[PDB]
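1. model the structure of this input:
(3 chains, ligands or ions: 1)
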Amino acid sequence: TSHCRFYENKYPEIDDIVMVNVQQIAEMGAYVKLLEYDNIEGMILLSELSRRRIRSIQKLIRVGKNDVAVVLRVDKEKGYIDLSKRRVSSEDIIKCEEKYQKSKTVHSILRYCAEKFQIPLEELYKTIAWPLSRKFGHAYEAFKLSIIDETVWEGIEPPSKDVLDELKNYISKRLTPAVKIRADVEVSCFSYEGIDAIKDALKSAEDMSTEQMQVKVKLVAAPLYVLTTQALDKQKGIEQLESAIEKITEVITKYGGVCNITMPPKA
Amino acid sequence: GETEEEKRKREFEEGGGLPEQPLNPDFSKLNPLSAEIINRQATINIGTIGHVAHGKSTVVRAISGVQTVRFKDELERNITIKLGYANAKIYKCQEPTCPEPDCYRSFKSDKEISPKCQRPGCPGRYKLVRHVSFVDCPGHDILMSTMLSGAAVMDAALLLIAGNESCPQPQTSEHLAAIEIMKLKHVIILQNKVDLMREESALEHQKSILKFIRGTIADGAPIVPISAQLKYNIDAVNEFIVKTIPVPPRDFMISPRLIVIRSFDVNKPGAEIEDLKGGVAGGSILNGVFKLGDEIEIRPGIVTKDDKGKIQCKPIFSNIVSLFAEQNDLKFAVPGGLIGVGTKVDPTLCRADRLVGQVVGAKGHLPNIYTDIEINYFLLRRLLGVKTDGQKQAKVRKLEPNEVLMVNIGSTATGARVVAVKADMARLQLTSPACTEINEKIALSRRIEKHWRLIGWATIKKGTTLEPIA
RNA sequence: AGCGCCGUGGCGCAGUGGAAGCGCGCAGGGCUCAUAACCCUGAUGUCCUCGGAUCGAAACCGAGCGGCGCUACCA
Ligand SMILES: Nc1nc2c(ncn2[C@@H]2O[C@H](COP(=O)(O)OP(=O)(O)CP(=O)(O)O)[C@@H](O)[C@H]2O)c(=O)[nH]1
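-> Numbering: from 1, shown residues only, chains lettered A, B, ... in the order given. Find the structure here:
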């Protein structure tokens, strides 16, 4: 059962951006359900629905589909929303997209957790998601850390340790990422011996390669040697490429040739 | 009921296969006709020359069966910059009953020693008379240094003239004259387009070509009819080449030098560099015997400009890890053949058109790069390779000091500036370094009509040199 | 040969995380005396072949198909 809103309270705030799934349309407007928050209904009026002149509503709204909106007024007694749709800036929709996407990921993961454990999402969210959102602002960064650094589970109380074990298993199963960091170094050697130079260079390159991420220097052009690395941690691979560049510079500085750089290590 | 591969492998085994060259032959007893030499390395270099859009890869393919790449996806059909190479082995039947015009045959580089007779009705076996290589010179006006480089590597010529086009083709004449500059009078004329001609028109073209060559240096160049599409009368080409073209005198008393004109590194992309190979430069032998496991030096080397601007030419010395002559990696190199010399040099040196027309030498020999040189030159009367539509084919203009003249030393493409001109001698300053060892005959090209045009021959007499820097 | 990309519903692009998406199309209908404009509803497929994870994959990954941009014909 998908309930128990993403945020720390079930009600909206006065200015926020949100995303909404339409459920139906009436003549004065549409009282629809919020998805950035759990289920609370609210009106979007036709006068503040479309950007241009409201010629059609079926083409624009497309009931059963997802749209961006904002909230202007709130009923904090039993639950009612006043929303807006024309006042969504060109920059608003992008951050709405990213926020809803991360929220949808963190919702689907814990929905799977609830379905596999047959316990309401309310308790699971109160036990796991809420403290993580308190600590790091959003649980998805905590999931990424748990992929990398496992101290994120210290000081948090699950309903049972089996819940944590299954959740970590689903983290390992679902949120598999690395980043293909690629650089391109210009070879300019016309020295005496120049193939044993590259042989020694990549012998050193594969010497320092860690177990967790591989280091392979691919050859596409005689001047252009490409370095592709699978950044599992997204911060140590750049150091790896810089160390490889240091090694190749030390190789070239004394044979008699030179080399240049076109693409420094960039993700 | 064996498949084709099994039958051809059985013929390969029965034909002798491809023998391996022994490590240390008794050198002072071998001749280019020896079995150890004739089996794996080229002995006679021959080139195909003709006008533009005539077909020199097709006739070479028909003769031999080895295609030319003609790479870069735009040069595939118009013209080629690099060399179009192919390998041909010329065979004659050992039986007297076979027809002499037809007994001659030519086969690929991967052919065995003695292939079976392909003529239906004779049980004899072919015999390799002599080993030749064929080179495709680019026949266009914008590419003139490449043709002179080919003339430097060429020792035999194959002119191509089409029929339906104009009979007196100027580019063919310019190629013939440039080859005569290279002191090569063993030339063979071929008629490219024959099928679409009538009975009288072929003879008319023959008489027109006879009138074309009466006053030039060429005396006994044969005329041969061949078609590039039907693949016929290639035996006539091999017959004429074998009968008319002798082997230039080239033996062991001469000092080893090589003239590298192309460049092809060996770097398989995607494959791990731990399984790689060094840089390979393509060059021909004009003098000397080479061996696997020697040391070479490219004397023009790395050409650096200092703060002042003087030329520092660092010789690239390197060790030869492999020697390749047209079929396989072999040990000992016979003078007068094309070879891809592979060493431990950086792959950047052998990728693009960089080692185009340069000289290399073995240890114990110090060739000299030059900056200011003195050359004795002479011109001709009429320009060749130009099309003046019925108005006084242009006459060569006298050289002018401080003019960029492309002085192609045999194959080295250098841009010289004239510092003085006299009746028959000139002095030139070279920006790109050029080496001089003994004679290295030279061709000269100028620019008036937005292109490069040959004007005359040249021979170096003296010059200021720069000793190599360690 | 190296990698970047693509793989429609017919053409062009996007979503990848709950299974059918749009504009252009095409058919039918609507407004109009009438046409275009405009508004509705659709029926067309293996989002390229084969597998692993999972209640779930087209999405993530993996073990190859055809064409595209640079590198380049790499003995
Ligand atoms: N009908 C006919 N076509 C020919 C003949 N010879 C060549 N051709 C055609 O001329 C066309 C030119 O193609 P190609 O030979 O590859 O170009 P190329 O000769 O390498 C360019 P260059 O002459 O400058 O070296 C080819 O299609 C070829 O079939 C011929 O004798 N008869």
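
2. how about the strands in the stretch 101-250 of chain A?
-> A:179-187, A:215-219, A:224-231 (DSSP state E, counting those that start in this stretch).

3. try the stretch 251-400 of chain B
-> B:257-263, B:279-287, B:290-291, B:295-305, B:311-324, B:329-330, B:332-333, B:338-343, B:358-362, B:368-379.

4. any chance of CSV for the strands of the stretch 101-250 of chain A, columns distance to chain B and mean neighbour count?
-> Quick note: C-beta positions are derived from backbone N, CA and C, even for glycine. As requested, these are exported to CSV (distance: least, C-beta to the nearest C-beta, whole Å; neighbours: other C-beta atoms under 10 Å in any protein chain shown):
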stretch, distance to chain B, mean neighbour count
strand A:179-187, 5, 18
strand A:215-219, 5, 18
strand A:224-231, 8, 18
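
5. where's the residue nearest to residue A:5 when sequence neighbours are not counted, which helix or strand?
-> The shortest distance from residue A:5 to any non-neighbouring residue, by C-beta to C-beta, 6 or more residues apart in numbering or on different chains, is to residue A:38 (3.6 Å). Here residue A:38 is covered by no helix or strand, with elements defined by DSSP states H and E.

6. circling back to that earlier point, and the strands of the stretch 251-400 of chain B: which comes nearest the ligand?
-> strand B:257-263 (15.6 Å; C-beta to the nearest ligand atom).

7. which other helices and strands does that closest one contact?
-> When contacts are defined as 3 or more C-beta pairs under 8 Å, 6 or more residues apart in numbering or on different chains; DSSP states H and E, strand B:257-263 sits against helix B:145-153, strand B:279-287, strand B:338-343, strand B:358-362.

8. flag every buried residue along stretch B:294-306.
-> By neighbour count on 16 or more other C-beta atoms under 10 Å in any protein chain shown, the buried set for stretch B:294-306 is B:296-302.

9. kindly apply the preceding question to stretch B:100-108 instead.
-> B:103-107.

10. could I get the full set of helices for chain B?
-> Assigned by DSSP state H, the helices in chain B fall at B:4-14, B:35-38, B:57-63, B:100-103, B:145-153, B:170-181, B:199-212, B:234-244.

11. can you list those in a markdown table and add distance to residue A:119?
-> Shown next, in a markdown table, are these (distance: least, C-beta to C-beta, whole Å):
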| stretch | distance to residue A:119 |
| --- | --- |
| helix B:4-14 | 69 |
| helix B:35-38 | 87 |
| helix B:57-63 | 77 |
| helix B:100-103 | 94 |
| helix B:145-153 | 80 |
| helix B:170-181 | 89 |
| helix B:199-212 | 98 |
| helix B:234-244 | 87 |
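
12. what's the most buried one of these?
-> helix B:145-153 (a mean of 25; mean count of other C-beta atoms under 10 Å in any protein chain shown).

13. hmm, that one touching RNA strand C?
-> No - contact of helix B:145-153 with RNA strand C (C-beta under 7 Å from any atom of the strand) is absent, the minimum separation being 14.8 Å.

14. against which helices or strands is that helix packed?
-> Helix B:145-153 packs on strand B:44-50, helix B:170-181, strand B:257-263, strand B:404-409, strand B:442-446, going by 3+ C-beta pairs under 8 Å, 6+ apart.

15. about what we covered before: among the helices of chain B, which comes closest to the ligand?
-> Of all the helices of chain B, helix B:57-63 comes closest under C-beta to the nearest ligand atom, at 4.1 Å.

16. can you dump the C-alpha coordinates of that closest one into PDB?
-> Output of helix B:57-63 as PDB, limited to C-alpha atoms (Å, rounded to 0.1, in the frame of the first residue of the first chain):
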ATOM      1  CA  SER B  57      45.000  -0.600 -60.000                       C
ATOM      2  CA  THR B  58      42.800  -2.700 -62.300                       C
ATOM      3  CA  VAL B  59      45.600  -3.600 -64.800                       C
ATOM      4  CA  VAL B  60      47.900  -4.500 -61.900                       C
ATOM      5  CA  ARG B  61      45.200  -6.600 -60.300                       C
ATOM      6  CA  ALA B  62      44.700  -8.400 -63.600                       C
ATOM      7  CA  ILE B  63      48.400  -9.000 -63.900                       C
END
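
17. give me the distance from it to the chain's centre.
-> Distance of helix B:57-63 from the chain centroid (C-alpha atoms, centre = their mean, to the nearest Å) equals 16 Å.

18. before we move on, what about stretch B:180-196?
-> Counting by C-alpha atoms, centre = their mean, stretch B:180-196 comes out at 15 Å from the chain centroid.

19. now do residue B:118 against residue B:327, distance only.
-> The gap separating residue B:118 from residue B:327 is 21 Å, by C-beta to C-beta, to the nearest Å.

20. related to what we said a few turns ago, got TSV for the helices and strands packed on strand B:257-263, with distance to the ligand too?
-> Compiled in TSV, these are given as follows (distance: least, C-beta to the nearest ligand atom, whole Å):
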stretch	distance to the ligand
helix B:145-153	10
strand B:279-287	18
strand B:338-343	18
strand B:358-362	23
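
21. rebuild the ones you listed as a markdown table, extending it with distance to residue A:234.
-> Converted to a markdown table, the helices and strands packed on strand B:257-263 look like this (distance: least, C-beta to C-beta, whole Å):
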| stretch | distance to residue A:234 |
| --- | --- |
| helix B:145-153 | 51 |
| strand B:279-287 | 38 |
| strand B:338-343 | 42 |
| strand B:358-362 | 48 |
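
22. ok, which of these comes nearest residue B:128?
-> strand B:338-343 (17.7 Å; C-beta to C-beta).

23. got the buried residues for the closest one?
-> Neighbour-count burial for strand B:338-343 flags B:338-343 (criterion: 16+ other C-beta under 10 Å).

24. which among those gets closest to chain A?
-> Of all the buried residues of strand B:338-343, chain A sits closest to residue B:343, with 8.4 Å by C-beta to the nearest C-beta.

25. wait, the closest one touches residue B:294, no?
-> No - applying C-beta atoms under 8 Å as the test, residue B:343 and residue B:294 come out as separate, 9.8 Å apart.

26. let me see the contact set for the closest residue to RNA strand C within chain B.
-> Relative to RNA strand C, the nearest point of chain B is residue B:270 (2.6 Å; C-beta to the nearest atom of the strand). By C-beta atoms under 8 Å, 6 or more residues apart in numbering or on different chains, the contact set of residue B:270 is A:218-219.

27. from the ligand, how far off is it?
-> Distance of residue B:270 to the ligand, given as C-beta to the nearest ligand atom, to the nearest Å: 30 Å.

28. for residue B:233, same thing?
-> Distance of residue B:233 to the ligand, computed by C-beta to the nearest ligand atom: 11 Å.

29. skipping adjacent residues, who's closest to that residue in space?
-> Closest to residue B:233 by C-beta to C-beta, 6+ apart is residue B:226, at 4.8 Å.

30. quick one on the thing from earlier: residues touching the residue nearest to residue A:5, list them.
-> When contacts are counted by C-beta under 8 Å, 6+ apart, residue A:38 touches A:3-6, A:10.

31. could you count how many residues lie near residue 195?
-> Looking at chain A here, since you left the chain open. A total of 24 residues lie near residue A:195 under the criterion other C-beta atoms under 10 Å in any protein chain shown.

32. I was thinking of chain B, sorry if that wasn't clear
-> Residues near residue B:195, counting by other C-beta under 10 Å, number 10.

33. isn't it right next to residue B:228, touching?
-> No - Residue B:195 is not in contact with residue B:228 according to C-beta under 8 Å; the separation is 9.7 Å.

34. who in chain A is up against chain B?
-> Listed as neighbours of chain B in chain A under the rule C-beta under 8 Å from any C-beta of the partner chain: A:187-199, A:202-203, A:216-223, A:256-257.

35. just these that are near RNA strand C?
-> Within the residues of chain A next to chain B, those near RNA strand C by C-beta under 7 Å from any atom of the strand are A:218, A:220-223.

36. where do the helices sit along the stretch 1-150 of chain A?
-> A:58-61, A:92-117, A:121-124, A:130-136, A:139-148 (DSSP state H, counting those that start in this stretch).

37. save the ones you listed as a markdown table, and put in mean neighbour count and distance to residue B:20 too.
-> Conversion of the helices of the stretch 1-150 of chain A to a markdown table gives the following (neighbours: other C-beta atoms under 10 Å in any protein chain shown; distance: least, C-beta to C-beta, whole Å):
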| stretch | mean neighbour count | distance to residue B:20 |
| --- | --- | --- |
| helix A:58-61 | 13 | 80 |
| helix A:92-117 | 16 | 66 |
| helix A:121-124 | 17 | 76 |
| helix A:130-136 | 16 | 71 |
| helix A:139-148 | 18 | 59 |
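
38. understood, closing this out.
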